[PDB]
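We begin with a single chain expressed as structure tokens, specifically the form deposited in one PDB entry.
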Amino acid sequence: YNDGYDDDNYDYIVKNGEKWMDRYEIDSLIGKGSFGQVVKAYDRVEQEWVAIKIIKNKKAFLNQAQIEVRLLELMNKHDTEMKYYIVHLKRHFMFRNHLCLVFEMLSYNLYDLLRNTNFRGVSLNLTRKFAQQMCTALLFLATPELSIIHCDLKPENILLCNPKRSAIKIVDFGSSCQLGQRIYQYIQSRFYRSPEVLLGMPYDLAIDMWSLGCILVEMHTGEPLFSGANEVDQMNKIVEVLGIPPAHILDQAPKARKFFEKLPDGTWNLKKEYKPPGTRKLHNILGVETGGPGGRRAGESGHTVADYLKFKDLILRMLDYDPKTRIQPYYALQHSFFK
């Protein structure tokens, strides 16, 4: 495999201490994903640490990463001071037949953060700082000349800049696309998949906002909001909480009959054991009146009934079935949850 350097999976086999192009000293493996690996390395030229994303030596992942490159460079045109919470790509090169993207060094992802809470959540206060940043970032993505849909937002793809501050950035634009290129279908990570994509419908940048809604709940409860084991399980879990989608959407939806049928009165309903539509209330998931998630924030400052109600209202606005009315970054930042 690649002269001895690659494993079965088409990944580069790392050796600590290795020096690349008399420039980068590879310190260690940070983590793996589908696209391959990220290693910690020292750049002797710029005299800083970098995270190097090493793409699998395979056409599918390579082509995907070149898309990521194009988009990242595009974003870096607009954001010259790194203000808009998108990881910075410094440069890229080929090396032992693997594309390598060189990023600024960040810290843990919000999933790993959640795992150190034992999946019991972080504070609403911290949830709010994540929210504010994330909404700002979605606002940047929606600048006309970018019009970028991340398409794979989840806690895994959101990293702290460092372990002590609440600053974050979004990573991983490998599944990303600009508005209008609608050739992809069955996109997003299932748990965070928007109704429009589930239903096979045209989609736009609002699908990220759906993802974000899911994420912010999960950041406070510690738990995925809508943990489907497949698309049917997923649409059903959404319907538990938010009820049957509006009829004017299902009428237009190619995949409507993957989850719904019509009753004799001509109205849409499910096919198939779950709680009845809209009875799994976000009011109880968040524990607005009941001390927060699992009652664990009873008495704790910043977790009042009032505060939970603001938060609930923001979320329901992000989880609007209708992509037209779903809250948009700008007005999400104007929400009373952030006053």
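In this text, rigid core is short for the largest set of C-alphas that superpose within 1.5 Å between two forms. Sequential numbering from 1, following the sequence displayed.
What comes next is about the form deposited in another entry, which is not displayed.
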field: Of the candidates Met105, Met82, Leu179, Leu126, the only Cα that travels 2 Å or more between this form and the one not shown, given a rigid-core fit
entry: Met82
query: Using the core for the fit, does the CA position of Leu263 change by 2 Å or more between this form and the one not shown?
result: yes
- prompt: Are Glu81 and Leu139 closer or farther apart at the Cα level in the other entry than shown, by 3 Å or more?
  reply: closer
In the other entry, whether the C-alpha atoms of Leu141 and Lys83 sit closer or farther than here (change of 3 Å or more): closer
